[PDB]
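Let's start with one chain on its own, the form deposited in one PDB entry, as structure tokens.
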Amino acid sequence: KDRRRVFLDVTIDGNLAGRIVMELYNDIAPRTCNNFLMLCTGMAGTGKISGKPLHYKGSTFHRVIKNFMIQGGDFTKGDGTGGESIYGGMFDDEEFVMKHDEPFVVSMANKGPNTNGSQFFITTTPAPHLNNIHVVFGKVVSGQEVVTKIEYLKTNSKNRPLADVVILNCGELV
């Protein structure tokens, strides 16, 4: 409908792995998609609380779980403890209409009810047990293979890729 497309160009230890293209379901989750799109483009400015650029460029996929997902979006701390939304701080769970019924859905990472910031994860398997907990707002429509390459990278005891997985470029398409 009024669905938009966004991209992430990812490098693994400096070498380009490819492009992940995601379609945002703006019709089902307008605030959540708006937040994600603005973070991909950097067009909302600096975070109200952190004072840092609301932008994914240069941030990383700091967590990958074999057979399940890859997580990123922490542009303030790069380890899972940071991030901020374009609304200032965190925002509420918008909707639980869209579900983790397929692999490659894009979902909001969180630390409890209504704690959505900038961190997100892309699954590689259905995960209905995450329904009504994590807001699903998009799907990978191209570059699913880039997602799985990142997912199977060797990690340390904290699920962090040993390789530097960086979002080299990011923005909107269509």
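A residue's number is simply how far along the shown sequence it sits, counting from 1.
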{"item": "Per the entry, higher mean C-alpha B factor between 84 to 92 and 70 to 78", "value": "70 to 78"}
{"item": "Greater mean Cα temperature factor according to the PDB record, 22 to 30 or 143 to 151", "value": "22 to 30"}
{"item": "Where the record places residue 109 (Cα B-factor, split into thirds across the chain)", "value": "lowest"}
{"item": "Chain-wide C-alpha B factor ranking for residue 49, given as lowest, middle or highest third", "value": "highest"}
{"item": "Ranked against its chain, the third holding the CA B-factor of residue 8", "value": "lowest"}
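Missing here is the form deposited with a partner chain bound; even so, the following discussion is about that form.
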| item | value |
| --- | --- |
| Heavy atom contact within 4.5 Å of the partner chain in the bound PDB entry, the stretch among 145 to 153, 125 to 133, 49 to 57, 30 to 38 | 125 to 133 |
| Non-hydrogen atom contact residue 76 with the partner chain in the bound PDB entry at 4.5 angstroms | no |
| Residue 140: touches the partner chain in the bound PDB entry, heavy atom cutoff 4.5 angstroms | no |
| Residue 109 within 4.5 Å of the partner chain in the bound PDB entry, heavy atoms | yes |
| Contact test in the bound PDB entry: residue 43 vs the partner chain, heavy atoms, 4.5 Å | no |
| All of 11, 12 and 61 within 4.5 Å of the partner chain in the bound PDB entry, heavy atom check | no |
